[PDB]
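Trainee: Submitted below is the structure of interest, expressed as structure tokens.
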Amino acid sequence: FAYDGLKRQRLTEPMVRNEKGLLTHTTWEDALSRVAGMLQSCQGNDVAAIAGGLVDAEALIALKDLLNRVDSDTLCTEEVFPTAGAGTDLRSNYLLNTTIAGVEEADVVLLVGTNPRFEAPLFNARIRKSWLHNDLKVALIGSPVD
Amino acid sequence: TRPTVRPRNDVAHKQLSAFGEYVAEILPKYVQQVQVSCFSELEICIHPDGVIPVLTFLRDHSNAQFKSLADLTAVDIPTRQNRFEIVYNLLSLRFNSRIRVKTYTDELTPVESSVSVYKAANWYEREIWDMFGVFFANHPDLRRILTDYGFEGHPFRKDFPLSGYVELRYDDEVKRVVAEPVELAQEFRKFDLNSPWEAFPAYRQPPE
Amino acid sequence: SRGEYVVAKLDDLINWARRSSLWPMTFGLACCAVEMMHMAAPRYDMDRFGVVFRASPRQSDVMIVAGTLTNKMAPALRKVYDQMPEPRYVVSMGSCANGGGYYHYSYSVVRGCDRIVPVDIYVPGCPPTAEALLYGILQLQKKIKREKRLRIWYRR
Amino acid sequence: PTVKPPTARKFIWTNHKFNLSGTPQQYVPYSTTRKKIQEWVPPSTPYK
Amino acid sequence: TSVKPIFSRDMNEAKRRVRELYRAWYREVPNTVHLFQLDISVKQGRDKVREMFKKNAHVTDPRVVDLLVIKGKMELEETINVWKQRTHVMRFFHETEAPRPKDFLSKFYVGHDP
Amino acid sequence: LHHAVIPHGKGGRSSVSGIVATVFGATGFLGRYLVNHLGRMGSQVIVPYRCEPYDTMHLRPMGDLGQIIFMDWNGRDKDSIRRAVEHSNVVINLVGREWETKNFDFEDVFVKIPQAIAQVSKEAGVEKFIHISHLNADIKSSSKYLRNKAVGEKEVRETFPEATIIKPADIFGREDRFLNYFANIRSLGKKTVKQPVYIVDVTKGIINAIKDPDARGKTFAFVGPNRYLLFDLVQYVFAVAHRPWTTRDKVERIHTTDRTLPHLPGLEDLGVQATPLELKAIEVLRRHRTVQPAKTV
Amino acid sequence: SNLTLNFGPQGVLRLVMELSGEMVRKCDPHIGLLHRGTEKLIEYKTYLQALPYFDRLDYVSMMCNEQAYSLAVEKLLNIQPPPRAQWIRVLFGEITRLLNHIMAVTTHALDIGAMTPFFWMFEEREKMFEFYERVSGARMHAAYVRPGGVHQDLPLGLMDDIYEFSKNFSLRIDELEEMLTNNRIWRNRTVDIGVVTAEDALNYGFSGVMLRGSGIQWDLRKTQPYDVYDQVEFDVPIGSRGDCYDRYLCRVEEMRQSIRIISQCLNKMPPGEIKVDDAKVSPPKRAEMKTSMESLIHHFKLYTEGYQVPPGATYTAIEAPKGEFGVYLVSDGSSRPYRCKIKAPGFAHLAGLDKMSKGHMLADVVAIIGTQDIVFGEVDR
Amino acid sequence: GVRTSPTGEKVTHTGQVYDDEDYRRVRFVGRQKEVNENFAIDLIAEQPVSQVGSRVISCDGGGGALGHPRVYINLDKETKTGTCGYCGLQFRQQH
Amino acid sequence: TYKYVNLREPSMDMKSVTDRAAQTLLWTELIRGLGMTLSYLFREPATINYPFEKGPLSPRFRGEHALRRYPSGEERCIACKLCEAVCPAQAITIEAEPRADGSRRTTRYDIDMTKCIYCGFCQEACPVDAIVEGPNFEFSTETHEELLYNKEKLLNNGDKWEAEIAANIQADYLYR
Ligand SMILES: CCCCCCCCCCCCCCCCCC(=O)OC[C@H](COP(=O)(O)OCCN)OC(=O)CCCCCCCCCCCCCCCCC
Ligand SMILES: NC(=O)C1=CN([C@@H]2O[C@H](COP(=O)(O)OP(=O)(O)OC[C@H]3O[C@@H](n4cnc5c(N)ncnc54)[C@H](OP(=O)(O)O)[C@@H]3O)[C@@H](O)[C@H]2O)C=CC1
Ligand code: SF4
Ligand code: SF4
Ligand code: SF4
Ligand SMILES: [Zn+2]
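And the structure:
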């Protein structure tokens, strides 16, 4: 039911700041020229990048190649994952390594610090299906959420 | 099942089954299948090398005497490696009967032209060149008959869109009807009308 | 002024003579030709309006496009339209001539004859009745009646 | 209709009109639906 | 993988047919510019025939170039016999069409089409 | 930018081009091919017409459904001009006469009408205005045409400061009055030098001046690629057309040489390759038939 | 050398003539000028939706082509119409036959020069179009004969008017036949013109009068009979010389025998329903659509999806007035056709135009294009 | 019950009216915007709530076979009327 | 069951040969054709005086489209989209939403009358008799887009023509 936010508040035209500091409509040549004029004056840690929650892999590697052409490695996300130790070098310590389906094979689940009902609702539904049909033993470390 | 159900004609069914046995055993070199539908219509499915020997048999044999070529048809079925299915509808006036002769080709194998047998085909399979792209070898005048002269592609192929790729309009700069890429003011609205429940258990195909 | 009155009466005279003596060139493309022939038939009888039956294209006043305009015949339509002397008019008759109709999404159909020739009167139907085609021809005559060639010429 | 009159309604036109094609009262087509995709209206204050 | 041929047995007979078809088109182009009273030069029509022959130059199948020679013969028959009009001849010259964007940047500017 | 005027499609007939154009004088020689080239992009073209609507019929196949809106206008009435320009984002002015009439002289056509159109389009919020003058326009010129056209150029530049003024020299096409004037005259040869520009190049230049934001406030000179003397030009027209109504002002404008203006940009700065006379003069003059090309300077 | 003419499109037809003075050495009909791609548009539309395309193929034989397509779909559905719908189909099929033969004879006389029986017989044709408008609401393209029967029952008092028409129509045939049959100018334009042998007529795929003018005793209403043609009594006219004059006489006699059939159908119309009483094929009544739940579901699903036709291929041919009109319908099990080839007689007749106009003259070409009743809608599809 | 935008352009029963800065009003310049002046949402609000003495009412829109499919409406809510889903008429149990 | 047209042998006695020669030399059947044309000269012609006289029609006639209302002003159309589903030309385009009182109604109901084939499947598919193809056939236009009806034009056609549409449906609905 969130598809009707997809037709409200949409950014449909390129916007640049005028002399009053107000966002005004413009073409793609003007907007991309005013961005590339600042990108050509940057180098090193002069330019950074933050990705959001809804970003595809193609644009992620597009912006990573572009900010490596300026030699900028400050490429950040918003959701903080700890880089102490292996970090993101090995894929095992940031995946759901078992599977969503592997909950059907489990007998004990320890849910640490999470509310899987509202973070991953169908993962919670798969835990409940294992709870019902396979008699899964679930323990939660965290706040007593329903 | 008296008022609303079409009555079965078992006499013509048994007669067309006997004549299908007859054609299948006189010509085993080309006849691959023989089938009779539930509404008593006979189909002889042959190999494309035997277009001229089968059609001259049914035209000339005294038990067949299929003198008239009613219709000549291709059917595009893209899930086959021989996607085109050439259909000959034949009428015997002596025995008051109709027979269907069916063969096959892909885009590149030519089919032998049956203008030696039935001259009626001189336009019909010519139409099959214009609509499907099936070449017919040893045809006297094979060219397009229904589409426009500079038309590229073959329209009744099922990988060809409903509209074309080009549309015509008069342009006043060049003082000429010109062709441009097709742009509709309203798209043809594809409807998905197939019911997801099985209608006919008799035609059920076995699964894998 | 006097000259305005003179050119107004002369416009009324030449508009009377051009609408009361329309000669049609009828494209018998498709089923609308049958209903044009019924508009020429003794019931509706175009000839009593001064609208003669099957004049030649090089002396006709109105091109009635009656039937589907395919891609193969669109240059022939424009060529016959170009051979018509002025003032020439075009009546579009039925849905295929109007906008493509039942063959609008076809690969081989011009989607309306107004992609080819300038159209004055759009008569809708599939086919429009012969009485409806005659209504369209009388509306064409009324359009000719309110032309202002000599009034605008005197004002230019 | 003098003998068998039509059944009267509050919405049937009391004043019939003829064919108006060629007049300033003629029909002009238009889309009868509202705007689908709402745009982001940028704020009227400066960004400082 | 053994198929029935159309006219040619290998690629050399097919190149013979392509060569004779190109010869017939090269002879026909001045008559085509003359009797259709086209506004193009004879050199420009010959460049269009060269472009339409080199468009299909990558084909390495004898049956496909057989059907291409057959369709070029049909187009030449519709050109010699005056069956085409001036419009059908000039549809090879896409004059009234806009120039299509070629680079990435102008295609980015005009729309979504790759 | 409003949502209904964002360009969509592939630039064909049923696409949206984002141009809402009001072409004054579209029922003439330049307005014909301009409404043609605008309508093949999918532009909302507004055609104000003075003439009988019959004389607008050829403008009706030029666009998609609802794309050309015909409306009446008087050249002395600012109200109909405001009624025609109050929705447009570009206003092109193509109003002109080769001769003066009883109701309209050169001052009524070249001075008052462009000032009225440009002023009313200035007070209506129109972004782009395009005025069409002649290359040989001059205040002290011998012909009343070029005098009043230079005065109208000055007035348009001072009442619409961002207006694009365009100088074609002597336009040739199928419906022209330059090659067809020479082919039917059956005046003489003098020391007059002419470079004629082709009408599709003029139309492509007008449209590339609509699309370019850097063409605002410029003055362009649309000239062909070859300057010809008058005598051998006229003899080449008689050579192509297979041959052995006027005013004195037209004679003054044929024997007036086309000035070279290097300080004004041309068709090569709007992306338009100028089409020479030797490619299109046969297309113009094949009508007049019951060839050595002309020497330049 | 020899002359080559191009009688262009100034239906419509392009003709490339190779002449040898007055003679005709080669006749090449360039067609496709009304090719609209009907039988590709049929593939994306349901069976009810593909029905009105058949009205517009032979656009002077509308309810006949409706009947042929309806018989094809009902054959693939294994259902049959009620008897009253069958008698209505045969009745309006013979009224359609009168329409087509009036069009044929009067335009064949109009092109040769006899322009008067055109006007005389189109008043009768106007009255039969009033019969179509009374039965269906449209004067030409009725969309009336549907798979399952017909769309709607006859309005009260229609059969009395079909009686009053049929009582007087034989005098109209008689005054047409007075103007043309014994006329020496009409005989001089049609007797030695386009003689077709019976073996070449069978070989060229000719059908109808084009066979029966050459003495072949073949009519599909007798030999391969459909709805109630085995229950009506009529005669089949047979020619003797295979020319334009025998085909003219065959069409006049088929008007006579159609009047005979219409008299028998008026006297033998049974009571009953007019659709098949399977509401999974033909839609229910509007009074029971608005009351019954099953009937509303069946109304919804027939006017949105349509009936599913079982998978199979059929060639259903009827005797249209131009000859054997056939529909080769291929169904894949869905509610839309997979394929619909439309056999029309004018295609094979116009293919045989080149043999029929050998050794004749240029003004005999218009007589041969008249004796083959060629409507280019059915030729080009 | 029509209303009017500040542009002077009439508002339809949908609520559609072109914006002030929208070029597509140029099609109404010199011509008229054809709106219907009998808004059905205003005309159905003038109808009286029918007081009936049953728990379930039926509606066919009047005319029998000339109306809509016949539907049954439950009238258990005294807070609210039971509106016919087709014709918009509304009913109430009188107790 | 068959008859031979044109298989008569002419007689060869002197009587019938002289009859055929008198027919040749005295042009007797040509005088017969002149007599038939002279007979139609003295008949009343079949010509009605249009526009003042109209050709006869039936209540089933399929002319210009209109959207009907209930006898309370509420429009009959409830956006079920059966009429654009069955439309063989795809001339109907419908868009809908619930309006301010919750009723299932259309915001767009367009019929391209230049696409329309006038076969009346929309009026017979409509379960509430909303869209009808009424009696009007005299609605020729001078412009192509005037034959592209939106919902407002069709509702004005219904308000214009309801006094006749309701009587035609009253005369015909028992056959439906
Ligand atoms: C200085 C002042 C004078 C200026 C010069 C003018 C001198 C006089 C010229 C002739 C008359 C000019 C006026 C013409 C008619 C103007 C009014 C008009 O058009 O009325 C229309 C009316 C018919 O009305 P309508 O719309 O057709 O209705 C159909 C009914 N179902 O029409 C009618 O009722 C009949 C119209 C008849 C028109 C007049 C007759 C024709 C012209 C005759 C003279 C010229 C031709 C001479 C012969 C030519 C060669 C044979
Ligand atoms: N050789 C050339 O073509 C050149 C032309 N130009 C300029 O380009 C412009 C267009 O050229 P061109 O097409 O040849 O000219 P046209 O004469 O062919 O077209 C002029 C247009 O303006 C209209 N018009 C003329 N006078 C008036 C008036 N008084 N009031 C209202 N409308 C009027 C005409 O309509 P109507 O039919 O009603 O008269 C027509 O639509 C002109 O300004 C011309 O000076 C510049 C350089 C060269
Ligand atoms: S609008 Fe329809 S009935 Fe008319 S000619 Fe076209 S297909 Fe035939
Ligand atoms: S009459 Fe037929 S084509 Fe016209 S809108 Fe109704 S269903 Fe569609
Ligand atoms: S007009 Fe009738 S069929 Fe069409 S959407 Fe409205 S209620 Fe349904
Ligand atoms: Zn209700």
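Residue numbers (the authors' numbering), protein chains in the order written: chain 3, 269 to 414; chain 5, 7 to 214; chain 6, 24 to 179; chain i, 98 to 145; chain g, 14 to 127; chain d, 1 to 186, 195 to 252, 278 to 323, 334 to 340; chain 4, 45 to 54, 60 to 430; chain b, 1 to 95; chain 9, 1 to 176.
Each residue gets a CB set at the ideal place from its N, CA and C atoms; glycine is no exception.
Would you say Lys275 (chain 3) and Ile109 (chain i) are within 8 Å of each other, going by their C-beta atoms?
Mentor: The residue you call residue 275 (chain 3) lines up with position 7 of the first sequence. The residue you call residue 109 (chain i) lines up with position 12 of the fourth sequence. No, they are not a contact pair.
Trainee: Can you give the Cα-Cα distance for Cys51 (chain 5) and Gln39 (chain 5), rounded to whole angstroms?
Mentor: In the second sequence, the residue the question calls residue 51 (chain 5) occupies position 45. In the second sequence, the residue the question calls residue 39 (chain 5) occupies position 33. Cα to Cα, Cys51 (chain 5) sits roughly 5 Å from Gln39 (chain 5).
Trainee: To the nearest angstrom, report how far apart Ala393 (chain 3) and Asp341 (chain 3) are at their CA atoms.
Mentor: Within the first sequence, the letter at position 125 stands for residue 393 (chain 3). Within the first sequence, the letter at position 73 stands for residue 341 (chain 3). Cα to Cα, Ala393 (chain 3) sits roughly 39 Å from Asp341 (chain 3).
Trainee: So with Cβ pairs under 8 Å, would you call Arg302 (chain 3) a contact of chain i?
Mentor: As a position in the first sequence, residue 302 (chain 3) is number 34, starting the count at 1. By this cut-off, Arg302 (chain 3) is not an interface position.
Trainee: Beta-carbon separation of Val45 (chain d) and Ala21 (chain d) under 8 Å?
Mentor: Here residue 45 (chain d) is taken as the residue at index 45 of the sixth sequence, counted from 1. Here residue 21 (chain d) is taken as the residue at index 21 of the sixth sequence, counted from 1. In this structure, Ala21 (chain d) lies closer than 8 Å to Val45 (chain d) by Cβ.
Trainee: Just tell me which of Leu378 (chain 3), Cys310 (chain 3), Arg302 (chain 3), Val371 (chain 3) has its CA closest to the CA of residue 250 (chain 3).
Mentor: Residue 250 (chain 3) cannot be examined here, being either before or after the span of chain 3 that is shown, 269 to 414.
Trainee: For the stretch 313-333 of chain 3, which residues have a beta carbon sitting closer than 8 Å to at least one beta carbon of chain i?
Mentor: From the stretch 313-333 of chain 3, no residue has a Cβ closer than 8 Å to chain i.
Trainee: Rounded C-beta distance between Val139 (chain 4) and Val285 (chain 4)? I'm assuming under 8 Å.
Mentor: The sequence position of residue 139 (chain 4) within the seventh sequence is 90, counting from 1. The sequence position of residue 285 (chain 4) within the seventh sequence is 236, counting from 1. Going by Cβ atoms, the distance from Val139 (chain 4) to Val285 (chain 4) rounds to 15 Å, so no, they are not a contact pair.
Trainee: Would you verify that the beta carbon of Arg55 (chain b) is, or is not, closer than 8 Å to some beta carbon of chain d?
Mentor: Within the eighth sequence, numbered from 1, the residue matching residue 55 (chain b) stands at position 55. It does not: the Cβ of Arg55 (chain b) has no partner Cβ on chain d nearer than 8 Å.
Trainee: How big is the Cα-Cα spacing for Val194 (chain 4) and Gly117 (chain 6)?
Mentor: As a first step, residue 194 (chain 4) is located in the seventh sequence; it is residue number 145 there, counting from the start. As a first step, residue 117 (chain 6) is located in the third sequence; it is residue number 94 there, counting from the start. If I take the Cα positions, the gap works out to 23 Å.
Trainee: Below 7 Å, is the gap between the Cβ of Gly90 (chain 6) and the nearest heavy atom of ligand 3?
Mentor: For the purposes of this step, residue 90 (chain 6) is taken as the residue at position 67 of the third sequence. Result yes, Cβ under 7 Å from ligand 3.
Trainee: Can you tell which of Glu95 (chain 9), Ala89 (chain 9), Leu174 (chain 9) has the C-alpha that lies nearest to the C-alpha of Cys77 (chain 9)?
Mentor: On the ninth sequence, position 77 is the one that residue 77 (chain 9) refers to. Ranking the options by Cα distance to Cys77 (chain 9), first place goes to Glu95 (chain 9).
Trainee: Would you say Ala171 (chain 9) and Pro103 (chain i) are within 8 Å of each other, going by their C-beta atoms?
Mentor: Along the ninth sequence, read from residue 1 onward, the residue named residue 171 (chain 9) stands at position 171. Along the fourth sequence, read from residue 1 onward, the residue named residue 103 (chain i) stands at position 6. Against a cut-off of 8 Å, the Cβ pair of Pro103 (chain i) and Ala171 (chain 9) comes out as no contact.
Trainee: So the beta strand (DSSP E) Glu95 (chain 9) belongs to, where does it begin and stop?
Mentor: Taking the first residue of the ninth sequence as position 1, residue 95 (chain 9) is located at position 95. From DSSP, the beta strand (DSSP E) with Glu95 (chain 9) extends over 92-98.
Trainee: Considering just the uninterrupted stretch of the beta strand (DSSP E) at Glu373 (chain 4), what are its terminal residues?
Mentor: On the seventh sequence, residue 373 (chain 4) is found 324 positions in, with the first residue counted as 1. Residues 372-380.
Trainee: According to DSSP, is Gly82 (chain b) part of a helix, a strand, or is it coil?
Mentor: Residue 82 (chain b) sits at position 82 when you count from the first residue of the eighth sequence. Strand.
Trainee: Pick out whichever of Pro53 (chain d), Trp99 (chain d), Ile92 (chain d) has its Cα sitting closest to the Cα of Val126 (chain d).
Mentor: For the purposes of this step, residue 126 (chain d) is taken as the residue at position 126 of the sixth sequence. Of the candidates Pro53 (chain d), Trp99 (chain d), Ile92 (chain d), the one whose C-alpha sits nearest the C-alpha of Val126 (chain d) is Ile92 (chain d).
Trainee: Less than 7 Å separating the Cβ of residue 179 (chain 9) from some heavy atom of ligand 4?
Mentor: Residue 179 (chain 9) falls outside the range modelled here, since chain 9 spans only 1 to 176, and no answer is possible.
Trainee: As a quick exercise: from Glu107 (chain d), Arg40 (chain d), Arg319 (chain d), pick the residue whose alpha carbon is nearest that of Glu175 (chain d).
Mentor: Looking up residue 175 (chain d) in the sixth sequence gives position 175. Out of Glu107 (chain d), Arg40 (chain d), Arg319 (chain d), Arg319 (chain d) has the C-alpha closest to the C-alpha of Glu175 (chain d).
Trainee: Only counting runs of 3 or more residues, tell me where the beta strand (DSSP E) segments fall wholly within the stretch 121-179 of chain 5, in order along the chain.
Mentor: List check, beta strand (DSSP E) in window: 172-177.
Trainee: Report buried or exposed for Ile81 (chain d), applying the criterion of at least 16 other Cβ atoms within 10 angstroms of its Cβ.
Mentor: Against the sixth sequence, residue 81 (chain d) aligns to sequence position 81. Buried, because 16 or more other Cβ atoms sit within 10 Å of the Cβ of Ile81 (chain d).
Trainee: Note down the Cα distance separating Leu163 (chain 6) from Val29 (chain 6), rounded to an integer number of angstroms.
Mentor: By one-based count along the third sequence, residue 163 (chain 6) stands at place 140. By one-based count along the third sequence, residue 29 (chain 6) stands at place 6. If I take the Cα positions, the gap works out to 25 Å.
Trainee: Which residues have a Cβ closer than 6 Å to any heavy atom of ligand 5, listed in chain order?
Mentor: Cβ atoms closer than 6 Å to ligand 5 belong to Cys77 (chain 9), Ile78 (chain 9), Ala79 (chain 9), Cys80 (chain 9), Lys81 (chain 9), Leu82 (chain 9), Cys83 (chain 9), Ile94 (chain 9), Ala125 (chain 9), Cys126 (chain 9), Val128 (chain 9), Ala130 (chain 9), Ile131 (chain 9).
Trainee: Under three-state DSSP, which class holds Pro252 (chain d)?
Mentor: Locating residue 252 (chain d) in the sixth sequence gives position 244, counting from the first residue. If DSSP states are grouped into helix, strand and coil, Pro252 (chain d) belongs with coil.
Trainee: With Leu100 (chain 4) as the anchor, note down where its beta strand (DSSP E) starts and where it stops.
Mentor: In the seventh sequence, residue 100 (chain 4) corresponds to position 51, counting from 1. Counting along the chain, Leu100 (chain 4) falls outside any beta strand (DSSP E), though it belongs to the alpha helix (DSSP H) covering 96-104.
Trainee: Taking DSSP as the reference, what is the three-state secondary structure of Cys293 (chain 4)?
Mentor: Within the seventh sequence, the letter at position 244 stands for residue 293 (chain 4). Of the three classes helix, strand and coil, the one that applies to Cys293 (chain 4) here is helix, per DSSP.
Trainee: Show which residues of chain 5 have a CB atom less than 7 Å away from the CB atom of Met41 (chain d).
Mentor: Here residue 41 (chain d) refers to the residue found at position 41 of the sixth sequence. In chain order: nothing, as chain 5 lies at least about 11 Å away.
Trainee: Any heavy atom of ligand 2 within a distance shorter than 7 Å of the CB on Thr27 (chain d)?
Mentor: If you number the sixth sequence from 1, residue 27 (chain d) lands on position 27. Yes, the beta carbon of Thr27 (chain d) sits closer than 7 Å to at least one heavy atom of ligand 2.
Trainee: With a Cβ-Cβ cutoff of 8 Å, do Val26 (chain b) and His8 (chain d) count as a contact?
Mentor: As a position in the eighth sequence, residue 26 (chain b) is number 26, starting the count at 1. As a position in the sixth sequence, residue 8 (chain d) is number 8, starting the count at 1. It is not a contact, given that the beta carbons lie outside the stated cut-off.
Trainee: Taking 7 Å as the cut-off, does the CB of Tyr118 (chain 4) come closer than this to any heavy atom belonging to ligand 6?
Mentor: The count along the seventh sequence starts at 1 and reaches residue 118 (chain 4) at position 69. Checking every heavy atom of ligand 6 against the Cβ of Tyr118 (chain 4), none is found closer than 7 Å.
Trainee: Does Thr109 (chain g) have its Cβ less than 8 Å from a Cβ in chain 5?
Mentor: For this step, residue 109 (chain g) is matched to residue 96 along the fifth sequence. Judged by the 8 Å Cβ criterion, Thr109 (chain g) is in contact with chain 5.
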